[PDB]
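Notes follow the structure.
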Amino acid sequence: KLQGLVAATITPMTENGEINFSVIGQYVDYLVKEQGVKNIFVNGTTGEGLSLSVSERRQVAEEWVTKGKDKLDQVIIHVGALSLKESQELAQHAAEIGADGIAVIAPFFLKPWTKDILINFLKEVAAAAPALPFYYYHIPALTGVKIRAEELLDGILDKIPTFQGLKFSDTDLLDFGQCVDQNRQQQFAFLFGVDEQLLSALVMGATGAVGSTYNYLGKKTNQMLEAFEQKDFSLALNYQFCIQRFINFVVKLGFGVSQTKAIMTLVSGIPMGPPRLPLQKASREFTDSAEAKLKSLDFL
Amino acid sequence: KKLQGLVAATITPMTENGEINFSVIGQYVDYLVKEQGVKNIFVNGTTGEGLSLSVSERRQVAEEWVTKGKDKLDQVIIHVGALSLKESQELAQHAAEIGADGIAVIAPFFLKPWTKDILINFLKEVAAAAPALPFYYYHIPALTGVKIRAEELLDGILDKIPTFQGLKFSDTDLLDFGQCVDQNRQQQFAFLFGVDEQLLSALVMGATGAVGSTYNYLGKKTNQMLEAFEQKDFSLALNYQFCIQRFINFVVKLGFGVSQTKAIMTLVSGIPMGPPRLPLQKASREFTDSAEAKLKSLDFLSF
Amino acid sequence: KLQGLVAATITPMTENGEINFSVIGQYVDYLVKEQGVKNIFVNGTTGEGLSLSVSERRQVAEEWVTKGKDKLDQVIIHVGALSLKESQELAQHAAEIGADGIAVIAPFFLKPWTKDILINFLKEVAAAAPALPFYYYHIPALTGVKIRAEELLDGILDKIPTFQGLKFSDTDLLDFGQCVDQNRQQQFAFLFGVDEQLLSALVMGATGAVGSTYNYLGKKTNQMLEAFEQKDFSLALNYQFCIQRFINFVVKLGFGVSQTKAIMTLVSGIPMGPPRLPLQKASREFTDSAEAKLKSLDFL
Amino acid sequence: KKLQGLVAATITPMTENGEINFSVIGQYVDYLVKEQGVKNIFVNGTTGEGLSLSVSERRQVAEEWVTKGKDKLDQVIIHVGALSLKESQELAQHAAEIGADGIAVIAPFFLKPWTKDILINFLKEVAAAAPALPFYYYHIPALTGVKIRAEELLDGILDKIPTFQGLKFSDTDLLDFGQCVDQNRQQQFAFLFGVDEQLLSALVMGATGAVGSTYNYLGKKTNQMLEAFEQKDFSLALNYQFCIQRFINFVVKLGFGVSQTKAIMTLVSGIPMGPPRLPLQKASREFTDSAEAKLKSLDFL
């Protein structure tokens, strides 16, 4: 079962903007040894997934899977794309290379009008990897798709037999809570996606978390998870607050994927390089401010 | 004194002709105390259709609640927010005159304040009309559309609003709420969470109480959750939260707002809340029957 | 027939924040003589209408109606409020003082769920002034009510016999166009509310316009209106662009009701005074920048 | 060589299996020219389900449009926008190779550009893959969510993107559109308006043409409106706009997206557009029959 922390991996790049495949081995080793992170989620927003071409996405997924062998428990490939054909190609490829699962965002240019139409899209991608675990990536802020996750999940196995869970990037814990509450007999992964309030989702039954911060705050987040598991909710909150102090600070400065790349470079010592347009590399001012904040909170 | 635990956002009972039914407020207070274990109320909020009422109506109904709450409720908090500063000041002064326990103010949302500091200045001028009354900020961005974060508003707030004593936070952003709690440890603030259907998630983030409409008729069940949390029976607290979520999600799917709350309260309490005022529309017979059947099936109401 | 430019009037205030009734006569004279504006719309957003108490709204409506006698063609009082009772009081009062009409915004605290419910609210206000022309103030950006104006108008006379038109503050000209096209027999005023693109609504059948800029750009706007009426569309567009150059400039700086108040004071020489909280008086940086731009465009 | 007047945003015909039906593109080109008076097309835009197609499909269908458009259409403009810069560069270079008349690029909207200047840097890199081809910006904030105003983007654009030749503006903000026109008088840019249902409102603000889905099947009627406007018969122009609005508003109330456009084109032209690709769903029989009755009632059939 896909459980605990799942790092949404950054796509390291060379200064010329090509993917830097050569540091992915180091990155896997670092997640496992320094962050206590055993699972990754490849080519999501943090990995600039949809800024990469289909061939780039295949090539980098190959690197994560092969470098993750006998080191990471699970490598999940985000295979979402605006083109169903391209998503199908990526899903089939993920099965071919022996990824542990695939995830799919709802297409978000021409949006699905209904639940049923979205499910039909998802089913056709899942069917391209018909024995691979399939996870829905719920992220309404990005997609504009208003369909509630608990409703999407209702009877989903009848349509998508490889359905195995949800990455829920949304703060509606009625919806998340009812995903958990209404699907007790399915052994689904209920993975929460809003790092800055993970504790609030743990109390409602999250079985793990997928997020960008686990790349460089995995140790402290694991301490929070362990405190929660020990029923020390006061202690777990104190640990959550440490994390919140950092995230709240950088969000006020201007905090997106570019800034995450810069922070990972700073904390890990592994060069993530610049982001790809339409992202812009983080400023020196941001990186200095973030470094100082990390140090003051004992994250660095 | 500190405002804590459950605070029921009270309904404004009305006659079939749309006038306030003052006559049932005493009964309502007694019912909250005896049947729901609710010791605090929040008057003329969204649940109370506060801003649908005239200033004269708001004064009259606040008087009735304060009077009927005497020696029965711990705290009666009057929402005195209005689009007009002048009217809000009038209501704040009146709340002090009648001996309400505190006042709350929503951000004005006809012409929205451009910045935190401008909003603070509006809030300050209202608070200063009741200079011996605890003041609470009512944060509800889904309604107001005011994109000012509560933790930013709270930062150094006592320097501008010396009566500031806390926050009603009706929003699901628990980074904002969490940092309200985390950054304001010395000030003795009430951190009251406003989204009933995920209260347990806010309790784990340091909420000191809750303000909401469901406590009118689910206060007893919610108090069981609070007590489970206090005892560190977190598994039991979650079970209770889920039972509440099963009801709320059911009614949200059907269409669930203030009108429906009025109908549900009438059903559960037997006290006639009456119709809502336009632009709300009375809840349907189908809705009320469905809610009843759900409540019975969850053992929130008797067969 | 309510037609041509209608100034959405500012509420002059004393430095201590009370209404400065003493300058309203001067303001009316200025509108008629210097701006060529013969109609006003009182206590809209520009008038900080809903920042005023019911009593203040009565008082200032009285001053506008009295000072407008034999000078303005029409004085329209915005009587919208969140409280139906307050709206009804203000409507009755507008009828008592002999205002030429009333206008009503949809209440926007608890929004009407449906068209029928909104019309029922409007009907109950209109019925308090049962022989006074009634105008709907459509402004979905403020109210969040998303029902199309053409749908709201369909059959409206059956429930609101005093209905005589609308102020349309929205850029959807399919909706505005169809308001005009579908209501040809009823002699309605189709008043456009987005000053910065007035010409675009004139060509679609607008019978007039209600806005803040006509307080201080009425002369130029009337030249545009006259060019449009005479079919000189090249000249109409050039005059529209003059106005747009100013508005585009100030919107980039931050442009709302407070800034309108400051601009009116600068242009007219009549002291509008400070705005009421939650508005804040315009900055010196704003007024210096705006003054320079008005001069560069021959508006000052 | 100036892109002006109507530009039909072309549909991607598909067979029932969802594969591209290349075989009817010649027929479609002839229909546009003969029956609709449309001389320009905009390929693989929203109406074309462009971002639902793979890069290989977009190349193939662009080839077919360019080939079948030779000596028939005045201009074939290829939308080469993509979320991936590398993919957009490939499509831009390909459009130049096949002899397309121009390219257009939407702002990427997966991870949105923080500023005008960062968006320009993306657009510049795509334009630079087709460095002799006219470049058009495709502005459609309702779909992308990118809150960067067109007039700000256009301001001094030629210094960064020397092939910049105009704008497809699919937005109702005519302060933005008006200032695009007003502030760029020296440039000979195409100011193509993208909201068909209110085109007349943009014509009065200085639009030099229009790009849209309705010109596939209402092009003849829209050309009558354009002619009335150019001939200073503005009352006639409004009458024509209102007739078009009666149809569009009728379908807007029912649910009017790309699926419905495919079905209406099939109905009007007799050329089979086929179903749309997921995540779109084919229009209903009810809808098609309703649209047919409405078109007949307005003498559009």
Side-chain angles (χ1 to χ4, degrees), chain B residues 6-38 40-53 57 60-62 64-65 68-69 72-73 76 79 196-197 211-220 222-223 243-244 246-284 287-303, chain C residues 84 110 112-113 117 120:
Chain B
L6 297 185
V7 185
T10 45
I11 295 150
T12 296
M14 288 164 186
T15 61
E16 290 297 329
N17 83 330
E19 293 295 287
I20 296 171
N21 188 357
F22 299 98
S23 75
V24 304
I25 289 173
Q27 184 177 357
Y28 191 162
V29 169
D30 293 341
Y31 178 89
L32 289 169
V33 167
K34 178 194 172 100
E35 300 302 324
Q36 303 299 334
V38 170
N40 308 297
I41 63 176
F42 176 61
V43 172
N44 295 344
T46 76
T47 307
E49 302 170 73
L51 276 61
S52 303
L53 303 179
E57 286 178 317
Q60 292 178 101
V61 81
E64 192 63 20
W65 284 111
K68 295 309 196 163
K72 294 187 177 188
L73 292 164
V76 178
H79 178 236
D196 309 29
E197 56 268 37
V211 184
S213 68
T214 68
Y215 315 131
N216 290 291
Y217 57 88
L218 294 182
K220 191 177 80 190
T222 310
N223 277 314
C243 288
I244 293 161
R246 288 174 216 142
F247 176 66
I248 296 166
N249 207 32
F250 177 93
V251 296
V252 168
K253 285 166 185 180
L254 301 172
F256 180 52
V258 173
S259 300
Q260 289 71 33
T261 295
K262 298 193 79 156
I264 292 159
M265 180 60 173
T266 295
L267 171 64
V268 172
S269 78
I271 304 171
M273 298 298 99
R277 182 165 297 183
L278 290 162
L280 296 179
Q281 180 170 81
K282 187 185 287 186
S284 74
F287 174 87
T288 306
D289 291 338
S290 294
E292 184 175 17
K294 190 65 172 171
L295 289 162
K296 286 185 185 157
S297 78
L298 298 170
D299 200 34
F300 294 157
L301 189 62
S302 187
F303 273 102
Chain C
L84 176 59
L110 297 164
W113 284 18
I117 293 160
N120 286 348

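Note on naming: letters A, B, ... go to the chains in the order of the sequence lines (proteins, then strands), and numbering restarts at 1 for each one.
In terms of heavy atoms, C:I117 sits closest to B:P279 at CG2-O, 2.9 Å. Contact between B:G37 and B:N223 at its shortest, heavy atoms only, is O-ND2, 3.0 Å. Of all heavy-atom pairs between B:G48 and B:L53, the closest is O-CD1, 4.2 Å. For B:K72 against B:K68, the heavy-atom pair with the smallest separation is CD-O, 3.7 Å. Across all non-hydrogen atoms, the minimal contact from B:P276 to B:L280 is CB-CB, 3.6 Å. Nearest heavy-atom pair across B:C243 and B:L298 is O-CD1, 3.8 Å.
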Please table the atom pairs, donor to acceptor, closer than 3.5 Å between any side-chain atom in residues 247-258 of chain B and protein atoms at least two apart or in another chain.
residue, atom, partner, partner atom, Å
B:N249, OD1, A:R148, NH2, 2.8
B:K253, NZ, A:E150, OE1, 3.3

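The stretch residues 261-274 of chain B participates, sequence neighbours left out, in these side-chain hydrogen bond (donor to acceptor under 3.5 Å, both in side chains) pairs: B:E49-B:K262. Residue pairs meeting the salt bridge (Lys or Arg N to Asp or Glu O under 4.0 Å) criterion with at least one member in residues 265-281 of chain B, sequence neighbours excluded, are B:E57-B:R277. Counting only residues at least two apart or in different chains, ring-ring contact (aromatic ring centres under 6.0 Å, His included) contacts with residues 8-32 of chain B comprise B:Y28-B:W65. Within the structure, side-chain hydrogen bond (donor to acceptor under 3.5 Å, both in side chains) contacts touching residues 7-17 of chain B (residues at least two apart or in different chains) are B:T15-B:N17, B:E16-B:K282.
The CG atom of C:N120 sits 10.5 Å away from the CG atom of C:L84 when rounded to the nearest 0.5 Å. Separation of atoms CG (B:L267) and OH (B:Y217) is listed at 10.0 Å; rounding is to 0.5 Å. B:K220 contributes atom NZ, which lies 13.5 Å from atom CG of B:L6 (distance to the nearest 0.5 angstrom). Note that OG of B:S213 and CD1 of B:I264 are 8.0 Å apart. Values are rounded to the nearest 0.5 Å. Summarising the geometry, atom CG belonging to B:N21 is positioned 10.0 Å from atom CE belonging to B:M14; distances are rounded to the nearest 0.5 Å.
Using a 4.5 Å heavy-atom cutoff, the side chains of B:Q260 and B:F287 are in contact. Counting heavy atoms from C-beta on, the side chains of B:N216 and B:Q36 never come closer than 4.5 Å.
The backbone N or O of B:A283 sits nowhere less than 3.5 Å from a side-chain atom of B:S259 that would complete a donor-acceptor pair. In terms of modelled atom types and a separation under 3.5 Å, the side chain of B:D196 and the main chain of B:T214 share a donor-acceptor contact.
Qualifying side-chain hydrogen bond (donor to acceptor under 3.5 Å, both in side chains) partners for B:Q60, counting only residues two or more places apart in sequence or in other chains: none. Listed by chain and residue number, nothing satisfies the side-chain hydrogen bond (donor to acceptor under 3.5 Å, both in side chains) test with B:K34 (two or more places apart in sequence, or in another chain). Remark: B:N40 engages no residue in a side-chain hydrogen bond (donor to acceptor under 3.5 Å, both in side chains) (not counting sequence neighbours). Applying the side-chain hydrogen bond (donor to acceptor under 3.5 Å, both in side chains) test to B:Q27 and every residue at least two apart in sequence or in another chain returns nothing.
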- Message: Run the side chain to side chain contact (heavy atoms under 4.5 Å, CB included) test on B:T47 and B:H79 for me, step by step, so that the C-alpha distance in whole Å, both residues' side-chain angles and the decisive distance to 0.1 Å come before the verdict.
- Response: CA-CA 11 Å; B:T47 307; B:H79 178 236; over 6 Å; no
- Given the rule in the side chain to side chain contact (heavy atoms under 4.5 Å, CB included) test, do B:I244 and B:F300 qualify, once you have shown the distances and angles that lead to the verdict? CA-CA 9 Å; B:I244 293 161; B:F300 294 157; 4.3 Å; yes
